[PDB]
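For reference, positions follow the sequence shown, starting with 1. What's counted below: heavy atoms across the whole structure, side chains too, no hydrogens, waters or symmetry copies.
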Amino acid sequence: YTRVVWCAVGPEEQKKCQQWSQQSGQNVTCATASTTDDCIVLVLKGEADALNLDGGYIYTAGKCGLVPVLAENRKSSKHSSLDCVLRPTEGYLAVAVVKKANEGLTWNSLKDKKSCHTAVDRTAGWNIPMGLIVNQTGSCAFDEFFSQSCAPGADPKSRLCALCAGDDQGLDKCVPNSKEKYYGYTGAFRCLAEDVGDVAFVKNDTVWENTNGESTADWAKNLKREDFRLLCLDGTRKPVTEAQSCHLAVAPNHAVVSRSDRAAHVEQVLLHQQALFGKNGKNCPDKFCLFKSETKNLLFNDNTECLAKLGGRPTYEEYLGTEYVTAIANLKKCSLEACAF
Ligand SMILES: CO[C@@H]1O[C@H](CO)[C@@H](O)[C@H](O)[C@@H]1O
Ligand SMILES: [Fe+3]
Ligand SMILES: [Zn+2]
Ligand SMILES: [Zn+2]
């Protein structure tokens with residue numbers, strides 16, 4: 001029984017963590033850092049215990065000895081009778097999204113266009129699309145493919161940050177945290193929605209959750225699913241209803257990681273925390289909901305049903321899968337066995 005120290009990325013996550021801390025009676029406390037990489041370092045030092053990470057960061061964390069503990073699980077069809085916490089995760093679909101009005105724009109004509117990315121090093125926003133582009137062009141100059149982009153985490157003076165906007169005051173341009181207007185799934189989709197970019201690399205869920213009244217955010221309230229198309233690898237364009245036949249890859253779900261020596265303790269505390277503040281928790285929506293933050297995906301994705309046990313006690317490599325690990329390794333050769341910190 002000790003507290004678990006969660007690592008929040010940026011000021012907005014910090015605020016949500018503080019609410020969680022208060023409601024949990026200090027069983028969970030908060031450490032804050034400006035980037036995901038800095039949070040990983042805090043965990044390695046033992047100054048923080050855990051945080052929830054996209055697959056691209058699990059790769060970084062894994063090389064440094066951190067392990068997956070529990071995974072985000074969202075609504076599913078198969079394995080219907082089984083409880084959420086025990087149900088296998090299905091993974092999400094990485095897609096490339098454009099405006100219907102941008103006619104004749106296909107996977108094969110993306111060169112020199114404007115792109116919107118969740119963040120550098122993330123699965124749907126970066127690793128998958130850039131990995132595919134590097135291959136198809138046979139060049140490590142992915143910094144040269146698009147004319148301008150917003151890829152949070154890149155050099156703020158480079159073309160890869162040209163479209164990023166910063167915070168209400170125009171500060172923190174291109175920072176890889178929610179202070180940057182176009183950061184993350186929602187941010188990259190907004191970058192496309194506002195016609196700042198020509199293409200957004202996000203997941204299939206992002207399109208649905210931010211269209212047809214699903215989001216009441218000022219920029220999203222008038223967005224219609226029909227005004228968007230997905231780019232398929234075969235050069236065609238399809239409606240967003242066809243994601244199962246028109247995606248770039250299937251990605252492993254975001255997951256909670258911790259130091260191996262702390263895994264058992266983190267797992268215990270989190271399972272109890274979700275019984276109190278999760279999907280149908282004792283205190284949600286009454287007092288506090290761990291999986292809500294108004295489409296902002298703070299700490300956890302808003303569409304998370306529960307955190308699920310893994311099973312087979314997988315290493316980070318088995319969790320990510322050989323097909324994804326080799327993809328990252330090859331892309332990493334552009335810009336092999338050691339912790340990068
Ligand atoms: C997509 O499923 C994954 O496949 C890889 C094989 O690369 C395994 O290591 C892992 O446990 C999972 O079953
Ligand atoms: Fe992701
Ligand atoms: Zn597929
Ligand atoms: Zn194993």
Side-chain angles (χ1 to χ4, degrees), residues 54-59 71-78 88-100 102 105-111 113 115-137 142 145-146 149 151 184-193 197-212 214 223 225-255 297 301-304 319-328 330-331:
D54 165 77
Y57 296 134
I58 294 197
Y59 179 86
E72 287 188 354
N73 224 175
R74 58 172 200 293
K75 282 74 184 187
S76 64
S77 198
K78 190 185 172 65
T89 57
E90 314 198 323
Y92 54 95
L93 304 180
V95 295
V97 193
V98 303
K99 290 289 191 71
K100 184 171 77 175
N102 210 343
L105 180 65
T106 68
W107 182 257
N108 304 131
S109 69
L110 285 178
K111 201 178 80 68
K113 306 293 177 300
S115 60
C116 309
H117 305 260
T118 62
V120 169
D121 280 356
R122 289 181 57 159
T123 300
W126 187 264
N127 293 341
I128 292 301
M130 300 305 258
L132 285 167
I133 287 167
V134 159
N135 283 356
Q136 299 180 337
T137 64
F142 55 68
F145 195 71
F146 297 108
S149 309
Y185 295 118
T186 302
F189 186 62
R190 183 188 188 161
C191 171
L192 174 73
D198 296 305
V199 60
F201 297 106
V202 295
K203 66 185 173 168
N204 162 29
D205 307 79
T206 303
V207 183
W208 292 78
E209 300 180 353
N210 293 292
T211 49
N212 291 42
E214 290 295 313
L223 302 186
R225 232 152 267 159
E226 230 305 296
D227 298 334
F228 291 94
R229 291 287 181 267
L230 305 177
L231 301 185
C232 322
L233 285 184
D234 63 5
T236 61
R237 289 152 57 102
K238 291 182 180 178
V240 311
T241 45
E242 303 311 303
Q244 201 62 233
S245 68
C246 182
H247 53 266
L248 304 192
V250 26
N253 288 354
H254 290 198
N297 301 133
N301 282 309
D302 297 336
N303 66 5
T304 299
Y319 177 75
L320 293 179
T322 313
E323 128 133 71
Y324 184 44
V325 167
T326 59
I328 299 168
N330 278 300
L331 173 63

From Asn102 atom CG to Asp198 atom CG, the distance as rounded to the nearest 0.5 Å: 5.0 Å
Donor-acceptor pair, side chain of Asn301 and main chain of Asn297, under 3.5 angstrom: no
Stepwise side chain to side chain contact (heavy atoms under 4.5 Å, CB included) test for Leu248 and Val95: CA-CA 5 Å; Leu248 304 192; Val95 295; 5.7 Å; no
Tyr324: partners by side-chain hydrogen bond (donor to acceptor under 3.5 Å, both in side chains), with sequence neighbours left out: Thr123, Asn127
Salt bridge (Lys or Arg N to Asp or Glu O under 4.0 Å) contacts touching residues 200-210 (sequence neighbours left out): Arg74-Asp205
Option from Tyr92, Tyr319, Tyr57 for which ring pair (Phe, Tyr, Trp, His ring centres under 6.0 Å) with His254 holds: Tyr92
cation_pi(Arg122, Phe201) dist<6.0 Å, angle<=45: no
Residues that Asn135 engages under side-chain hydrogen bond (donor to acceptor under 3.5 Å, both in side chains), provided they are two or more places apart: none
Stepwise side chain to side chain contact (heavy atoms under 4.5 Å, CB included) check, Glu90 with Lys75: CA-CA 10 Å; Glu90 314 198 323; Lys75 282 74 184 187; over 6 Å; no
From CG (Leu93) to CD1 (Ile128), nearest 0.5 Å: 11.5 Å
Nearest non-hydrogen partners of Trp126 and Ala119, listed with the distance: CB-O, 3.2 Å
Polar side-chain atom of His117 near backbone of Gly125 as donor-acceptor pair, under 3.5 Å: yes
For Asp54, all residues meeting salt bridge (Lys or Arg N to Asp or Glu O under 4.0 Å), sequence neighbours excluded: none
Residue pairs passing the salt bridge (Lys or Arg N to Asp or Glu O under 4.0 Å) test where at least one lies in residues 236-246, sequence neighbours excluded: none
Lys100: partners by salt bridge (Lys or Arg N to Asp or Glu O under 4.0 Å), with sequence neighbours left out: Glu226
Residue pair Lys113, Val199: steps toward the side chain to side chain contact (heavy atoms under 4.5 Å, CB included) verdict: CA-CA 8 Å; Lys113 306 293 177 300; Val199 60; 5.6 Å; no
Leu230 vs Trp107 side-chain heavy atoms within contact, under 4.5 Å: no
